[PDB]
Amino acid sequence: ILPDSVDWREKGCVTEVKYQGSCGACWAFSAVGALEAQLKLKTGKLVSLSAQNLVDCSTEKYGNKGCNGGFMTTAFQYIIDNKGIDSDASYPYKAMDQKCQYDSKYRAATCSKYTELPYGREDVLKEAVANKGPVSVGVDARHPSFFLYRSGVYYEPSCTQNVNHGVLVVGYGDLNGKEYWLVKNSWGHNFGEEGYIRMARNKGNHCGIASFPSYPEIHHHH
Amino acid sequence: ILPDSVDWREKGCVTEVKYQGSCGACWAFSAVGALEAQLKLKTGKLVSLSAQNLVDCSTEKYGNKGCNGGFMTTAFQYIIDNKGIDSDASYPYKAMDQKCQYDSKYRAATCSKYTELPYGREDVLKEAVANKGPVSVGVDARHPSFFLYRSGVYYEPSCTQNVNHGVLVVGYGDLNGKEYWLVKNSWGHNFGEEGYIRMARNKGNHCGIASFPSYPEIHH
Ligand SMILES: Nc1nc2cc(C(F)(F)F)ccc2n1Cc1ccco1
């Protein structure tokens, strides 16, 4: 039976909010945020993983376009196929397309698989957020109400299920009975509530938050 | 000689900042803001003009796509061709595509002509803002730095001269040695400084602000 509220920040499973600047790397930040939590759960160590490693290395054979966008699922697939991802410390974020510079010497995490949740199932997304960890999702972020959000529970009647922005669901709850998803963005600590947005939950897959969810798992490190 | 600083809000030539919502009508808000200023300068009365009238009626013939974007200059051409535009009060903004509902009986303004300024010429834009009125421009707004802007003079190293968002230049000045354009947006009061942004001026056509400037005129 699921908790009424979850916040993976309280379990030490969520790194500081990142700023993607003028590079469309939301998909890469979403993916490494999902994997960071799995690394903490497995090892007890919270380590920022390299979004830049994904931008530079999870490219055309993964359907991804670096600063012009990508899939969280095919990011996880790169990490599986590459047998690792570098720490952010070793392979820092530059907000631009670079040649691949992955070095196994600075590998900080691996990925053995990823799980894709069923389209528009907010009940199933709630289970995965409670029991597995933070979940990579897409939202429709193409609304001034979204990018000028300051606080409270975001609800936008003009929102669609056509997602265009990769974000991380790190919990859920309710604010005076308005249910929400707790979403970590990569627009820096000045966006929203110190980089987070609470987005309407159980309002018909609002902004497509449950449209294409996925989460990675870790098997071996050595 | 041109003034050091200009602000057309000081002459009562600028309406309230509007909120376009989820409809890409920035081109329409920019076009009516530039015409609103000429209407005040002509009649002495400040009247908000119908961005919706443009979205609905300045369509295929003007290369405009309503909530999917358009051009301030072809909007001015619609007003010239149509022999008017309704007030915002008579033809309210709905943030969606609708059938043309223009009615000459609620006409609040006309347009006799529009002028397009030369590409990249911040000196010529300054002359127009000083001597003519607010100028419709496009900027490159596709930068988190732009939509997160809170105060000061916006400078983005990643900005390009490929413009995508219509806005209105209502002045210029110098804040702490940073030259700026004073820009009215259509993202409501929670964007920037109560709906305005100061954008870097004389920094090589920053964010394309002087790429495609235009202003309308009224004769009667
Ligand atoms: N002339 C002109 N006005 C423009 C307005 C916009 C804006 F998005 F801000 F509304 C973007 C481009 C614009 N151009 C250039 C052009 C020349 C042929 C096609 O487009």
Side-chain angles (χ1 to χ4, degrees), chain A residues 1-20 26-41 46 48-49 51 72 114-118 120-143 145-156 159 161 163-216, chain B residues 144 148:
Chain A
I1 108 88
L2 303 186
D4 285 346
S5 278
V6 171
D7 187 354
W8 285 101
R9 301 172 299 183
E10 288 178 1
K11 294 283 217 282
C13 289
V14 186
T15 62
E16 59 177 6
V17 175
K18 307 309 199 304
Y19 178 61
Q20 68 185 70
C26 55
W27 61 275
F29 286 104
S30 171
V32 303
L35 193 52
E36 288 163 357
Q38 300 300 322
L39 182 61
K40 165 79 170 33
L41 285 172
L46 184 60
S48 288
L49 299 182
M72 288 86 72
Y114 59 92
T115 300
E116 289 176 276
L117 303 190
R121 294 293 300 283
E122 281 189 274
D123 56 335
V124 176
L125 182 62
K126 186 196 179 167
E127 184 178 347
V129 174
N131 292 323
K132 302 291 179 168
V135 176
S136 302
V137 298
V139 298
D140 174 14
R142 276 188 186 144
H143 306 275
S145 65
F146 188 94
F147 57 71
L148 302 179
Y149 167 88
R150 283 170 183 203
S151 72
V153 175
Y154 177 71
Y155 178 67
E156 174 52 73
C159 230
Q161 298 184 18
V163 295
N164 45 56
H165 187 75
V167 296
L168 185 69
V169 176
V170 303
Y172 65 72
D174 76 277
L175 176 58
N176 306 118
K178 281 136 88 172
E179 305 180 312
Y180 65 77
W181 298 111
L182 180 63
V183 174
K184 184 191 191 196
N185 204 353
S186 50
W187 286 347
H189 68 251
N190 296 328
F191 172 71
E193 293 173 331
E194 298 294 333
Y196 293 79
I197 177 170
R198 295 181 282 167
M199 294 185 72
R201 179 161 66 93
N202 296 333
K203 300 285 177 185
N205 187 26
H206 172 267
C207 296
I209 194 146
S211 293
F212 297 101
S214 70
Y215 71 85
Chain B
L148 294 177

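A note on names: the letters A, B, ... follow the listed sequences, proteins ahead of strands, and every chain is numbered from 1.
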Visitor: How close do A/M199 and A/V153 get, heavy atom to heavy atom, and via which atoms?
Guide: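 Distance-wise, the nearest heavy atoms are C-CG1, 4.4 Å.
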
Visitor: To the nearest 0.5 Å, what is the distance between OH (A/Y114) and CD (A/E116)?
Guide: 5.5 Å

Visitor: Given side chains that start at C-beta, do those of A/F191 and A/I197 come closer than 4.5 Å, heavy atoms only?
Guide: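 Side chain of A/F191 against side chain of A/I197, heavy atoms only: contact under 4.5 Å found.
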
Visitor: By side-chain hydrogen bond (donor to acceptor under 3.5 Å, both in side chains), which residues pair with A/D7, not counting sequence neighbours?
Guide: A/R9

Visitor: Looking only at non-hydrogen atoms, find the nearest pair between A/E122 and A/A210 and report the distance.
Guide: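 Looks like CG-CB, 3.9 Å.
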
Visitor: How close do A/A141 and A/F147 get, counting heavy atoms only, and between which atoms?
Guide: O-CD2, 4.1 Å

Visitor: Taking the side chain as C-beta and beyond, is there a heavy-atom pair between A/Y19 and A/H189 under 4.5 Å?
Guide: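 A side-chain contact is absent here, since even the closest heavy-atom pair is not under 4.5 Å.
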
Visitor: Exactly one of A/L182, A/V129, A/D4, A/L125 should register a side chain to side chain contact (heavy atoms under 4.5 Å, CB included) with A/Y172. Which one does?
Guide: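 Of the listed options, the one satisfying the test is A/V129.
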
Visitor: Could you tell me the separation between the CD atom of A/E36 and the NZ atom of A/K40, rounded to the nearest 0.5 Å?
Guide: 12.5 Å

Visitor: May I ask you to check whether A/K132 and A/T115 show a side-chain donor-acceptor distance below 3.5 Å?
Guide: no

Visitor: Verify side-chain contact (heavy atoms from CB on, under 4.5 Å) between A/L117 and A/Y215, making sure each step is shown before the conclusion.
Guide: CA-CA 9 Å; A/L117 303 190; A/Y215 71 85; 3.9 Å; yes

Visitor: A/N185 and A/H165: side-chain contact (heavy atoms from CB on, under 4.5 Å), yes or no, with the steps?
Guide: CA-CA 9 Å; A/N185 204 353; A/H165 187 75; 2.9 Å; yes

Visitor: Could you report the tightest heavy-atom contact between A/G152 and A/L175, atom names first, then the distance?
Guide: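 Here A/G152 and A/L175 meet closest at CA-CD2, 4.1 Å.
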
Visitor: Does a donor on one side chain and an acceptor on the other come within less than 3.5 Å for A/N205 and A/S211?
Guide: yes

Visitor: Could you list the residues that satisfy disulfide bond (SG atoms under 2.5 Å apart) with A/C26, not counting sequence neighbours?
Guide: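 For A/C26 there are no disulfide bond (SG atoms under 2.5 Å apart) partners, ignoring immediate neighbours.
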
Visitor: How many angstroms lie between atom OH of A/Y180 and atom CZ of A/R201, to the nearest 0.5 angstrom?
Guide: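 So the OH of A/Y180 and the CZ of A/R201 are separated by 8.5 Å.
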
Visitor: Mind checking the SG-CG spacing from A/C13 to A/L41? Nearest 0.5 Å is all I need.
Guide: 4.0 Å

Visitor: If only side-chain N and O atoms count, and only distance matters, is there a donor-acceptor pair under 3.5 Å linking A/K184 with A/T15?
Guide: yes

Visitor: I need the A/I209 CD1 to A/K203 NZ distance, nearest 0.5 Å.
Guide: 14.5 Å

Visitor: Taking the six-membered ring for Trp, are A/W187 and A/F146 ring centroids under 6.0 Å apart?
Guide: yes

Visitor: Yes or no on side-chain contact (heavy atoms from CB on, under 4.5 Å) for A/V183 and A/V139, after CA distance, side-chain angles and deciding distance?
Guide: CA-CA 10 Å; A/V183 174; A/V139 298; 5.7 Å; no

Visitor: Rounded to the nearest 0.5 Å, what separates atom CG in A/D140 from atom SG in A/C207?
Guide: 5.5 Å

Visitor: Work out which heavy atom in A/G195 is nearest to a heavy atom in A/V17; give both atom names and the distance.
Guide: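 It is CA-CG1, 4.0 Å.
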
Visitor: Mind listing the closest non-hydrogen atom pair of A/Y154 and A/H206 along with its distance?
Guide: O-CE1, 3.5 Å

Visitor: Could you tell me whether A/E193 and A/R198 have a side-chain N and a carboxylate O separated by less than 4.0 Å?
Guide: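 Yes, charged N to carboxylate O under 4.0 Å.
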
